[PDB]
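First up is the structure itself, then whatever we jot down about it.
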Ligand SMILES: CCCCCCCCCCCCCCCCCC(=O)OC[C@H](COP(=O)([O-])OCC(O)COP(=O)([O-])OC[C@@H](COC(=O)CCCCCCCCCCCCCCCCC)OC(=O)CCCCCCCCCCCCCCCCC)OC(=O)CCCCCCCCCCCCCCCCC
Ligand SMILES: CCCCCCCCCCCCCCCCC[C@@H](O)O[C@H](CO[C@H](O)CCCCCCCCCCCCCCC)COP(=O)(O)OCC[N+](C)(C)C
Ligand SMILES: CCCCCCCCCCCCCCCCC[C@@H](O)O[C@H](CO[C@H](O)CCCCCCCCCCCCCCC)COP(=O)(O)OCC[N+](C)(C)C
Ligand SMILES: CCCCCCCCCCCCCCCCC[C@@H](O)O[C@H](CO[C@H](O)CCCCCCCCCCCCCCC)COP(=O)(O)OCC[N+](C)(C)C
Ligand SMILES: CCCCCCCC/C=C\CCCCCCCC(=O)O[C@H](COC(=O)CCCCCCC/C=C/CCCCCCCC)COP(=O)(O)OCCN
């Protein structure tokens, strides 16, 4: 199956494009460079089976950065509770959350 | 936003022109006037019969040659890179391969229409 | 939620996909695929990928032209079928539209998971970056990196195109 | 699942690592090598049979080349097989030594203290 | 200078959102105000949903599509 | 996953289903194949742009190439069968059985 | 077709397979698949007739659909994890779609329908290529993602492939359809043990390849594509029919021939994972393949069918073209069992 | 998994630099030549800590230095500076090439009023060094302890005991 | 020597367009390897500061690195202004 000619000859035919933390042009970073770098450093050299259980925290953080599902859930809960507090009318959101703010540089 | 307004305005003006064309004049339509035109005599067959294409192979080649323009279009940005040797070599290689494709299609009588 | 632009464009994309997936006469299928390509191109520009959308739109407009040219020759169908001219085509079109509307309603009002995960709406604007830097286009730089990083990709793609020309000429030879 | 493809320190396309030189090479009178030579001889006989030639004596150089090539390939094949089995045994013994709690040495009773049920045959 | 002002602006928007969230979620059963989502404690760039989530629509449209729609 | 990702996945599923049902014409199935290609391109572009994967921006363009190489193939085949039957109906492809 | 063009098309097919098996990037594997299919299509249409053209159209449609779901599975895996390396497929839905796409690419049941038609529609050399070389890339891809493969789906498809091949091969009088159904059954046998041991998969594939090469090369030697056409070979070259019958015995899995070695090695492996029912069913189902090999052996070698008068003229001419590797393929397809432990060199 | 430390709104207070983009662009070269030191400390802090909350004071000092720069410009000669930056502001792309005479007048005013020298081409893009007393952070990524790797392969190689041990084979 | 000359004359007499295109392509292929200004182009591309130059931390033994932009140390763009 996998004949690792690239590793044998050090050719690097397609290893420059496998991850987002690997030498982007003009040093442009990915949205989750730190998370991917941390997970890769955690999981390096310990095998897939061990990395699936021991680097689960870093992978969970990386997936959270990638898809932001829990952040969307938190924001949805915040906005739903805000709407429920506004419908009956005892919130009165602040003026700087309505467009009457004095902006800074 | 601005481009959407432009497209909406253009489409709306064209549709308004169509509406004025189809609602202003007095129309008197009958069967003979709306019949198909074939220079005065009734058509023999239907205009929805197969119509042979003698340039079908050129049409197929046009798809790949159109993909090659998509490949070659980022060249102005590519010319700004540090590895000018590799960039120039790869661009020339792609153009040479497309030229060889054209030459092979030319020599094998592929650019000639069917009879 | 805001201006519904991305949502409306995605909905029209799905509608065009249903329109050419009901399989009417290939003229109308090509029309639906063209409108879907344009709508997807607009979707892509709404995320910052102007070049990719134009390129996709540009590639598709011409592919369809070749497809129209071939339909007028080999798929003529003296009574061409439109979406309302046949019971099967209209049934497929209405089924696709109804299924799309039900999915949109289920994923919009509530948080329903269909195959992969669920969705609560909020507009696609939420997942953006806030990154504020650059005197260049990141998408343009990434695409242009094909001629410095993607030497292998250029080699294999050019070889594939040359082989494709040879292959189509071999196939259409006949005899 | 693959058991030895991801072994640490493995050269991708070596087919014979340097550590394999620590193992005794197969003897040239190995029965497996003789079987490979027999396979080459049978290949030569079949080749003679297909081409409508005298089966036993058509080509002696062709048969000799067949046998020689089969033996030559079989030598390195046996070397690699022996090296792989030695690697398997080495890894197994190392794992057993490194995990004493999972392979406990159990004091074994004599048959005088064990009670086996007797089932008469009648 | 632009970097410093951007840092201050982002921190101010986050702090304003936090001070509000301390008010809307006073009476929710088990809400931890300002609780992070990631396990790690290092800085994470805001999502633009966390900076403009509790603001008017026209600021949201600006911050999302202003550069794309400016022609 | 917002509504856009789900809509693009639904478009791909619709195109795949339309391909898997054949009515009469081979050209319509080729159109469905082109639709699958367009949906894949759009989804990959959206995913790559969202995460700011700079290099991966060249990935969709390559995805387009082997698109028409697949299209140019099918059209080619569609010619030859037509030259045998004067029509592109998939009914005529019944010389070989199971 | 021009010999230079044929050679470059063959080398393009093999280069696509090589790119599939040497790439660590999913996009490169997809590109290799596309190249292999693109260069494979004209090889099936080398001889032009309506039947060959129909086979190429069906093959193109099937492989294109499989490629589309392959690409979508890659995109889904990228969406749920920003990874392009070929690895254990963090998302289960993408894994399922990839399994389905590779199943259609290999021809596992119930995606088996196109295999007999494509095999019957093309020549013997194209059939040999399709049934031997085209299986390397999908199996190489599967051997890399076996840790994430759902055992239920893969084993269901393997059992279905074995059953369907054994049942389909029973009703065939055309040799190419028999070969296709045998290929389906052997694909099931390969994929049955893949989630447990990929070394057994590689060994099974190698043995199947050598037996299929011997079979197809013997069928090319005696220009027969039907049972009755092959029934005339005893009156022209008996040795070809004798070697053919020995090869058919080997393919059926009868000891001590080589075809017994892979099955024996697979069942044993499946018994180390407390899998007893599945190997028993597979072994019992292989008897159908054995039966429709024995029917061919009865027709061609163990009995003498009536011949024709003109055959006498063929007695005055020899097979001008020689295949050098045929005796080696026959020997490797029959007399290899005593060298079974050498499979340790495959891991 | 923890509450996020955010500074109070009083810690984010600073005297803002309220000049427009054109005004900043007109004096950009002299600003980078004169206020290079606090800017370089702030940038080094920003890139080393990777946290906007750990380098607020450096930003305040950057703002203060910019304020001193603009105050000196206002005090010594502001009329040529205004004539230059109005011209810079006119252009839609804010092109330096459109107004070289106003730039020349401003440069000649600052050369003899304050001794300022406009940097040459390529000097402002140089990579410079920073002397700082801020300790170098040890774990800016807040990394956890890395898992211990698989132990090793050690010892010599011996032939397999009783060969392959596969079924009846004795080798 | 002579066969190529007659072939080129015949090609110019019958297909001038192909002769011109092949000559232009050959020149475009060959000339860049024999030009001294390719290095200048590479250096100009290298001298464009797209992103911010992050300053280094002084460990006390960096003579080559400058401390202020107008110090003589560091790269110089003098060759670009005179080109
Ligand atoms: C786990 C370890 C084990 C590994 C196992 C691996 C797999 C095992 C085997 C797999 C199954 C084998 C199936 C192969 C069957 C081949 C199909 C076929 O051609 O027809 C069947 C063939 C047809 O029989 P026929 O009816 O007599 O032929 C009538 C004519 O074909 C009628 O046609 P014609 O009139 O047109 O005649 C033209 C004829 C005569 O040809 C000529 O006229 C010669 C003139 C040359 C023209 C120059 C053109 C070149 C310029 C173009 C450049 C293109 C570059 C492409 C690269 C692009 C890169 C992006 O050409 C041919 O017949 C075919 C040419 C074959 C050339 C093959 C070259 C190898 C390509 C390798 C590519 C890979 C490179 C690396 C890629 C890197 C990644 C990117 O029958 C046989 O050949 C007998 C079967 C023998 C097969 C081999 C047996 C097994 C292999 C044992 C060898 C050792 C293996 C292990 C090696 C490990 C490393 C040392
Ligand atoms: C240059 C681009 C921009 C142009 C900007 C101006 C837009 C132009 C307006 C759009 C097209 C107008 C065309 C001008 C001709 C009028 C056509 C139509 O409006 O009249 C009739 C439409 O009326 C219908 O007959 C029905 C009338 C009543 C039924 C429903 C109307 C309900 C509205 C309530 C009206 C009561 C008074 C309202 C006071 C505000 C159609 O009669 P028909 O013969 O077929 O068509 C041929 C018209 N002919 C006779 C002139 C040749
Ligand atoms: C060893 C096998 C030899 C025989 C087999 C041949 C089959 C393979 C096809 C050709 C193999 C050559 C490909 C080698 C990989 C290319 C990548 C590597 O060599 O470096 C590139 C070197 O490429 C150069 O341009 C020279 C090699 C290109 C050769 C031109 C194409 C010829 C291919 C012809 C065969 C292909 C099929 C047929 C097409 C006609 C660029 O590297 P570099 O720029 O330093 O640094 C990149 C990293 N950065 C961006 C961070 C700076
Ligand atoms: C019918 C029996 C099968 C016939 C086999 C074909 C006969 C010819 C032999 C093929 C010649 C090539 C072999 C050696 C050339 C170079 C080898 C090297 O380059 O490759 C090594 C690999 O070599 C192969 O593993 C060994 C091939 C030897 C084939 C013989 C074994 C057959 C099984 C037992 C049947 C008995 C056969 C007896 C012959 C008569 C690198 O290992 P690796 O890259 O890490 O493995 C890749 C796959 N992984 C990672 C998934 C594991
Ligand atoms: C080293 C650089 C190479 C790469 C750059 C190439 C750039 C791209 C240009 C080529 C594109 C494709 C070319 C396709 C080739 C056409 C083949 C062909 O068939 O041409 C024949 C004609 O035959 C030819 O091939 C043309 C003549 C030979 C080729 C042209 C000249 C070759 C090169 C000459 C220039 C050398 C360099 C300049 C030297 C200057 C003098 C010292 C066409 O005739 P018909 O259409 O059949 O006529 C039917 C009606 N009567």
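Taking helices (runs of 4 or more DSSP H) that fall entirely within the range H:19-131, which contain at least 3 residues that are over 30 Å from residue H:141 (Cβ atoms)?
Working: elements: H:21-26, H:28-34, H:36-49, H:56-76, H:79-90, H:101-113.
Qualifying helices (runs of 4 or more DSSP H): H:21-26, H:28-34, H:56-76, H:79-90, H:101-113.
Just wondering, is there one or more residues in the range G:313-330 that are within 14 Å of chain D (Cβ to nearest Cβ), near ligand 4 (Cβ under 9 Å from one of its atoms), assigned to a helix (DSSP H, G or I) and surrounded by 13 or more Cβ atoms within 10 Å (Cβ to Cβ)?
Taking the range G:313-330 first, the residues within 14 Å of chain D (Cβ to nearest Cβ) are G:314-330.
Cutting the leftovers down to near ligand 4 (Cβ under 9 Å from one of its atoms) gives us G:328-329.
Of the ones still in play, those that are also assigned to a helix (DSSP H, G or I) are G:328-329.
This time we only want the ones that are surrounded by 13 or more Cβ atoms within 10 Å (Cβ to Cβ), so: G:328-329.
Within the range G:313-330, one or more residues are within 14 Å of chain D (Cβ to nearest Cβ), near ligand 4 (Cβ under 9 Å from one of its atoms), assigned to a helix (DSSP H, G or I) and surrounded by 13 or more Cβ atoms within 10 Å (Cβ to Cβ).
Could you tell me whether any residue of the range C:125-139 is more than 24 Å from residue A:77 (Cβ to Cβ), away from ligand 2 (no atom under 16 Å from the Cβ), in a helix (DSSP H, G or I) and more than 22 Å from the chain's Cα centre (by Cα)?
Within the range C:125-139 (the criterion being more than 24 Å from residue A:77 (Cβ to Cβ), away from ligand 2 (no atom under 16 Å from the Cβ), in a helix (DSSP H, G or I) and more than 22 Å from the chain's Cα centre (by Cα)), the answer is yes, since at least one residue qualifies.
Determine if the range C:140-154 includes at least one residue that is in contact (Cβ under 8 Å) with a residue 12 or more places away in the chain, more than 16 Å from ligand 1 (Cβ to nearest atom) and in contact with a helix residue (DSSP H, G or I) (Cβ under 7 Å, 6 or more places away or on another chain).
The answer is yes, given that some residue of the range C:140-154 is in contact (Cβ under 8 Å) with a residue 12 or more places away in the chain, more than 16 Å from ligand 1 (Cβ to nearest atom) and in contact with a helix residue (DSSP H, G or I) (Cβ under 7 Å, 6 or more places away or on another chain).
Hey, can you tell me all the residues within the range B:1-22 that are assigned to a helix (DSSP H, G or I) and either within 16 Å of ligand 4 (Cβ to nearest atom) or within 14 Å of chain E (Cβ to nearest Cβ) (or both)?
B:2, B:3, B:4, B:5, B:6, B:7
Going by the structure shown, is residue D:36 near ligand 4 (Cβ under 9 Å from one of its atoms), within 20 Å of the chain's Cα centre (by Cα), surrounded by 13 or more Cβ atoms within 10 Å (Cβ to Cβ) and assigned to a helix (DSSP H, G or I)? Reasoning before the result, please.
Numbers: near ligand 4 (Cβ under 9 Å from one of its atoms): yes; within 20 Å of the chain's Cα centre (by Cα): yes; surrounded by 13 or more Cβ atoms within 10 Å (Cβ to Cβ): yes; assigned to a helix (DSSP H, G or I): yes.
Spelling it out, residue D:36 is indeed near ligand 4 (Cβ under 9 Å from one of its atoms), within 20 Å of the chain's Cα centre (by Cα), surrounded by 13 or more Cβ atoms within 10 Å (Cβ to Cβ) and assigned to a helix (DSSP H, G or I).
Which residue is nearest to the other protein chains (Cβ to nearest Cβ), if the candidates are limited to the range H:129-154 and must be exposed (fewer than 11 other Cβ atoms within 10 Å of the Cβ) and under 18 Å from the mean Cα position of the chain (by Cα)?
Result: H:136.
Working only within the range C:71-87, note down all residues that are under 24 Å from the mean Cα position of the chain (by Cα) and not in a loop (DSSP other than H, G, I, E, B).
Listed by number, the residues that qualify are C:71, C:72.
Just checking, does the range B:30-47 include any residue being facing another protein chain (nearest Cβ under 7 Å) and within 20 Å of residue F:79 (Cα to Cα)? Before the answer, list the steps.
Going through the range B:30-47, the residues facing another protein chain (nearest Cβ under 7 Å) turn out to be B:46.
Next, from what is left, pick out any that are within 20 Å of residue F:79 (Cα to Cα): none.
No - not one qualifying residue is present in the range B:30-47.
Output yes when any residue across the range F:58-66 is more than 7 Å from chain C (Cβ to nearest Cβ), under 27 Å from residue A:24 (Cα atoms), crowded, with 24+ Cβ neighbours inside 10 Å and touching a helix residue (DSSP H, G or I) at 6+ places or on another chain (Cβ under 8 Å), and no when none is.
yes
Among the residues of the range G:1-25, how many are more than 13 Å from chain A (Cβ to nearest Cβ), closer than 30 Å to residue G:87 by Cβ and more than 6 Å from ligand 1 (Cβ to nearest atom)?
2
Being under 23 Å from residue F:45 (Cβ atoms) and surrounded by fewer than 23 Cβ atoms within 10 Å (Cβ to Cβ) narrows it down to one of C:104, C:94, C:84, so name that one. Quick ask: steps written out before the conclusion?
On the way: C:94 fails: under 23 Å from residue F:45 (Cβ atoms); C:84 fails: under 23 Å from residue F:45 (Cβ atoms).
Unique residue meeting the criteria: C:104.
Counting only residues that are touching a residue at least 24 places away in the same chain (Cβ under 8 Å) and over 28 Å from the mean Cα position of the chain (by Cα), how many does the range H:57-85 have?
So the answer is 3.
Of the residues that sit in the range C:12-29 and are assigned to a helix (DSSP H, G or I) and within 7 Å of chain F (Cβ to nearest Cβ), which one is surrounded by the most Cβ atoms within 10 Å (Cβ to Cβ)?
As a first pass, look at the range C:12-29 and keep what is assigned to a helix (DSSP H, G or I): C:12-21, C:26-29.
Then drop every residue that is not within 7 Å of chain F (Cβ to nearest Cβ), which leaves C:13-14, C:17-18, C:20-21, C:26, C:29.
On the way: C:13: 27, C:14: 28, C:17: 32, C:18: 26, C:20: 26, C:21: 30, C:26: 29, C:29: 29.
Per the stated criteria, the residue is C:17.
Based on what the data block shows, is residue F:74 touching a residue at least 12 places away in the same chain (Cβ under 8 Å), facing chain C (nearest Cβ under 8 Å) and in contact with a helix residue (DSSP H, G or I) (Cβ under 6 Å, 6 or more places away or on another chain)?
Here the answer is no, as residue F:74 does not meet what is asked.
Just name the residue that is farthest from ligand 1 (Cβ to nearest atom) out of those in the range G:192-202 that are within 13 Å of another protein chain (Cβ to nearest Cβ) and part of a helix (DSSP H, G or I). Break it down stepwise before answering.
So in the range G:192-202, the residues within 13 Å of another protein chain (Cβ to nearest Cβ) come out as G:193-202.
If we keep only those that are part of a helix (DSSP H, G or I) as well, we get G:198-202.
Values: G:198: 11, G:199: 10, G:200: 13, G:201: 11, G:202: 6 Å.
Across the range G:192-202, the extreme among qualifying residues is G:200.
Cβ-Cβ distance below 6 Å, separation of 6 or more or different chains: which pairs start in the range I:17-29 with a residue that is without any contact (Cβ under 8 Å) to a residue 24 or more places away in the chain and end on one that is in a helix (DSSP H, G or I) and more than 16 Å from ligand 1 (Cβ to nearest atom)?
Going by the 6 Å Cβ cut-off, the qualifying pairs are I:19/I:11; I:19/I:12.
In this structure, is residue G:97 touching a helix residue (DSSP H, G or I) at 6+ places or on another chain (Cβ under 9 Å) and away from chain F (no Cβ under 14 Å)?
Taking the combined requirement at face value, the residue does not satisfy it.
Within the range A:24-31, identify whether any single residue is facing another protein chain (nearest Cβ under 7 Å), touching a residue at least 12 places away in the same chain (Cβ under 8 Å) and more than 10 Å from ligand 3 (Cβ to nearest atom), and answer yes or no.
yes
Hey, can you tell me all the residues within the range G:129-143 that are more than 9 Å from chain A (Cβ to nearest Cβ) and buried (at least 20 other Cβ atoms within 10 Å of the Cβ)?
Within the range G:129-143, G:130, G:131, G:134, G:135, G:137, G:138 qualify.
Within the range B:58-74, track down each residue that is surrounded by 15 or more Cβ atoms within 10 Å (Cβ to Cβ) and within 20 Å of residue C:155 (Cα to Cα).
Correct list: B:61, B:63, B:64, B:65, B:66, B:67, B:68, B:70, B:71, B:73, B:74.
Just need a number here: residues in the range I:38-58 that are facing chain H (nearest Cβ under 9 Å) and part of a loop (DSSP other than H, G, I, E, B). Spell out the reasoning first.
First, pick out the residues of the range I:38-58 that are facing chain H (nearest Cβ under 9 Å): I:47-49, I:52-58.
From the residues that got through so far, the ones that are part of a loop (DSSP other than H, G, I, E, B) too are I:47-49, I:52-55, I:58.
Result for the range I:38-58: 8.
Within the range D:63-117, work out how many residues are in a helix (DSSP H, G or I), more than 30 Å from residue D:46 (Cβ to Cβ) and within 30 Å of the chain's Cα centre (by Cα). Walk me through how you get there before you give the answer.
Here is the first cut: in the range D:63-117, the ones in a helix (DSSP H, G or I) are D:63-98, D:100-102.
After this cut, where a residue has to be more than 30 Å from residue D:46 (Cβ to Cβ) as well, the list is D:83-98, D:100-102.
This time we only want the ones that are within 30 Å of the chain's Cα centre (by Cα), so: D:83-98, D:100, D:102.
Adding up the residues that qualify gives 18.
State all residues of the range D:39-57 that are in a loop (DSSP other than H, G, I, E, B) and within 8 Å of another protein chain (Cβ to nearest Cβ); if no residue qualifies, say none. Steps first, answer last, please.
Let us first name the residues in the range D:39-57 that are in a loop (DSSP other than H, G, I, E, B), namely D:51-57.
Once the filter is applied, which keeps residues that are in a loop (DSSP other than H, G, I, E, B) and within 8 Å of another protein chain (Cβ to nearest Cβ), the range D:39-57 yields D:51, D:52.
Scanning the range D:4-35 for residues that are under 30 Å from residue G:247 (Cα atoms) and in contact (Cβ under 8 Å) with a residue 40 or more places away in the chain, which turns out farthest from ligand 2 (Cβ to nearest atom)?
Out of the qualifying residues, it is D:30.
Can you name the number of the only condition in (1) more than 27 Å from residue A:36 (Cα to Cα); (2) in contact with a helix residue (DSSP H, G or I) (Cβ under 9 Å, 6 or more places away or on another chain); (3) facing another protein chain (nearest Cβ under 7 Å) that residue E:9 fails?
(2)
Tally time: how many residues in the range F:77-98 are touching a residue at least 60 places away in the same chain (Cβ under 8 Å) and either assigned to a helix (DSSP H, G or I) or closer than 21 Å to residue G:120 by Cα (or both)?
Qualifying residue count, the range F:77-98: 2.
For residue G:118, only one of the following conditions fails: (1) surrounded by fewer than 24 Cβ atoms within 10 Å (Cβ to Cβ); (2) more than 24 Å from residue G:275 (Cβ to Cβ). What is its number?
Result: residue G:118 passes all but (1).
The numbers here are math on the coordinates, done by the rules we state, and not lab data. Cβ sites come from the backbone with ideal geometry, for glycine too, and all protein chains shown count toward neighbours.
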